[PDB]
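Take a look at this single chain, the form solved without the named molecule, given in structure tokens.
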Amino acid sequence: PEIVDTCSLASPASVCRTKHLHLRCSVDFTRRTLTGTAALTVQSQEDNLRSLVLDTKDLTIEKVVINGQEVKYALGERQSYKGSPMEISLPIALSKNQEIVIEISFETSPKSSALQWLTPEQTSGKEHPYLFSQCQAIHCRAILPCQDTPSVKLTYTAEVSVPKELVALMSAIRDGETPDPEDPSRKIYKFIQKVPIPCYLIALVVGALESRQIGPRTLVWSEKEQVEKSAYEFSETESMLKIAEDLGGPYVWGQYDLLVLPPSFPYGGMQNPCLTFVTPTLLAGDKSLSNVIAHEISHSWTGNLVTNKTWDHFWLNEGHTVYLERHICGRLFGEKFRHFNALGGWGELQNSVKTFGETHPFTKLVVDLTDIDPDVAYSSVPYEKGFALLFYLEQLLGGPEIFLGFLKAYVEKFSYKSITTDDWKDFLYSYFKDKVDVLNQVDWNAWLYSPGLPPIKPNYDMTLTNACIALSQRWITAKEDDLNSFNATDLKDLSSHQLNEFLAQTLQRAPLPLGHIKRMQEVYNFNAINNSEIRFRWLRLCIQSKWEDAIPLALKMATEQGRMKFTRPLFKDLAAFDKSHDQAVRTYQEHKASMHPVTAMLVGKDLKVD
């Protein structure tokens, strides 16, 4: 039973396993480099082990020390996005289970795909620079040498030297700060992560950060101009943690802090232990985009405790998290709301499948990432087709209470481990042994390995969705002489979530006549809404409907923030519209150097530049 991580070039967990990382580095904003030592405590899993391989990507290695002496190592040739393998020759052959510590002196490249360095002008304060990391899926190797596979979990401690006036934070518990003995103009911040974690959860942020407490175990962090708004936006955080604990078991990470990043953060959120990273585009002003916090909170169980063994099994991480996420929202706002969000999710799955094509490999729940950059394959499929499967199993097996019992047992069963889809399925069959006849009715091969929409769509309560579909259909079937019928009162009884779903429904049938779009702005004044999800869909609707007035608005949103979910589709819509094509390409070219490296790369591919 052998499964290898095709995205890693390091020795596999069957050969050796990293148990701990002690990181000592200094952040050099002048050179845009992280410099230090990564001391890995490694345990041999084999007899007579004399060498091992680590993943690296654009790292400059100065030396490798074991037992106080330098040893031979060699960097192989780069393998595109996978980076360069680093083979280290051990001074003494190791016995099985023997542990040694290997200290590697390294320096990162300013072009590290794991990092984004921001000048003072790119921050809210305008006086200090800012640095932030994002390692998922395989960018940790672009920060430090390591076995960059989620099949290996390690604890870590770190000491980070940063300019005196800045603050460093990591996905660990803060363990103090002090002046830097070898440079009085610096501070050394210490950190400790006692719970084993896959390396993609290692995180670092350095900047002029301030904090505010918003719950018994939660501090919100951001630059000063965002603290008050963030504290209010995420005030439901503690109640969500409490519901999540009831669903998945105890929260074992100690603290649950939030860090609101600069606009270029590529994701809505990233589940870094002890410190969730979130996009500032969540600051809608009314806590309406809080499902993203519910999502990152859920990862503290599904993803961080029970982890996908390789990225081919990413749906395990995301499907279960979306499932727990929607239950948190269900508890907080009602079962009908969980169904509304669930049905919306199906809508997003439809969109993804239509975008890649119904036979495209990336629409499969379990994908083969051999030779595929995880960033290119990344989409809503593992999230929504994964959720769809669990939702279908829930309805098949007896309801939410029964399936939630399986999810808690699942987490408990695989805590602190890395598993595959087969491990999950075996446990599902084990847990529901008395309902195998029912389980044996699901078309596993289609659900897990076939492209396109799932072979079966679950049942969804339609209560909250009905008004959205009805208003969307009125607009789609409307002819010119019906436009006068629409009025701002149409939106009277719609929540922001329904307004968003109304636009999502309409966007699925875009383009609409340009005259309908102008009328929509005239009566609903969508241009005034700053809720990013609604503005995002409204602008795509305008652009795909060929409304030139929307060009500057779409360009502005595409560049002023960098959440991939919004930036990529906007640039793509703008490129597809002939009136804006040249300007979209030109705007990308000009912003490219100061964008997040992964986002820059993906928009480059989307627009077919270079």
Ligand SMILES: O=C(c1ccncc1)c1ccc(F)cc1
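Start at 1 and count along the sequence shown; that's the residue number.
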Margin query: Tell me which stretch, 322-330 or 447-455, has the higher mean Cα B-factor listed in the entry.
Written below: 447-455
Checklist line | Which of 506-514 and 437-445 has higher mean CA B factor, as the PDB entry lists it | finding: 437-445
Note to self: Just the C-alpha B-factor column, please: which of 268, 110, 196, 386 has the biggest number?
What the structure shows: 110
Item checked: Most elevated Cα B-factor in the entry, residues 309, 408, 128, 479 -> 128
Notebook entry, point to check: residue 148's Cα B-factor: lowest, middle or highest third of the chain?
Noted result: lowest
Next item on the list: Taking the values exactly as deposited, rank residue 9 by C-alpha B-factor within its chain and report the matching third: lowest, middle or highest.
Entry: middle
Margin query: Quick check on the deposited entry: does the C-alpha B-factor of residue 582 sit in the lowest, middle or highest third of its chain?
Written below: highest
Margin query: Is residue 339 in the lowest, middle or highest third of its chain when residues are ranked by C-alpha B-factor?
Written below: middle
Next item on the list: State the tercile, meaning the lowest, middle or highest third, of residue 59 with respect to the CA B-factors recorded for its chain.
Entry: highest
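There is another form of this protein, the form deposited with the named molecule bound, and it is not shown here; the text below is about that form.
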Note to self: Can you pick out, from 206, 407, 499, 137, the residue that has a heavy atom within 4.5 Å of the named molecule in the bound PDB entry?
What the structure shows: 137
Notebook entry, point to check: Here the chain is shown alone; which of 146, 367, 534, 283 has a heavy atom within 4.5 Å of the named molecule in the bound PDB entry?
Noted result: 367
Next item on the list: Determine which one of 237-245, 372-380, 255-263, 488-496 lies within 4.5 Å of the named molecule in the bound PDB entry, judging by heavy atom distances; exactly one does.
Entry: 372-380
Check: Hey, in the bound PDB entry, is residue 191 touching the named molecule, heavy atoms inside 4.5 Å?
Finding: no
Notebook entry, point to check: Do residue 132 and the named molecule come within 4.5 Å of each other in the bound PDB entry, heavy atoms counted?
Noted result: no
Item checked: Close approach of residue 475 to the named molecule in the bound PDB entry, 4.5 Å, heavy atom -> no
Checklist line | in the bound PDB entry, residue 314 touching the named molecule (heavy atom, 4.5 Å) | finding: yes
